[PDB]
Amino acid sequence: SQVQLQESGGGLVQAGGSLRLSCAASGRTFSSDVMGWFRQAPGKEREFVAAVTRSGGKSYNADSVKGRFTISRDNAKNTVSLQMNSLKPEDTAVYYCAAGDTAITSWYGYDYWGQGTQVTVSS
């Protein structure tokens, strides 16, 4: 059928607080190349956040992450966590999980997307 990227761990938190985003793939099974997170603040462009490859290679939008966030592969099939610390009101955005398929030619490219989950960081 279809690939579904189920996102959780979001919600409301106070500035300086933490969140642990989780993305678990369901539906049609696929061999993942890379899984990561994107986000879109109100009235702004959707931007990259973090990603981990199936080899364990990690990359970050360091200019916005600033070493605060840590992505990692979970034990389960196509499951990824994003540990977000020291959150600020500018981190308030809709966060999208994205997954890359090995069966799709582009290397470390993203093919499947989650519906998005809300993250709101109060002052």
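For every residue, the number given is its place in the sequence shown, counted from 1.
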**Study point:** Out of 44, 58, 88, 39, residue topping the C-alpha B-factor column of the entry
**Key:** 44
Review point. According to the PDB entry, is the CA B factor of residue 93 in the bottom, middle or top third of its chain, that is, lowest, middle or highest?
Key: highest
Exercise for review: Please rank the C-alpha B-factors of the chain's modelled residues and tell me whether residue 82 sits in the lowest, middle or highest third.
Suggested key: middle
**Study point:** Assigned third (lowest, middle, highest) for the C-alpha B factor of residue 15
**Key:** highest
Check your understanding: Lowest, middle or highest third of the chain for the C-alpha temperature factor of residue 71?
Key -> lowest
Review point. Thinking about Cα B factors across the chain, which third does residue 110 belong to?
Key: middle
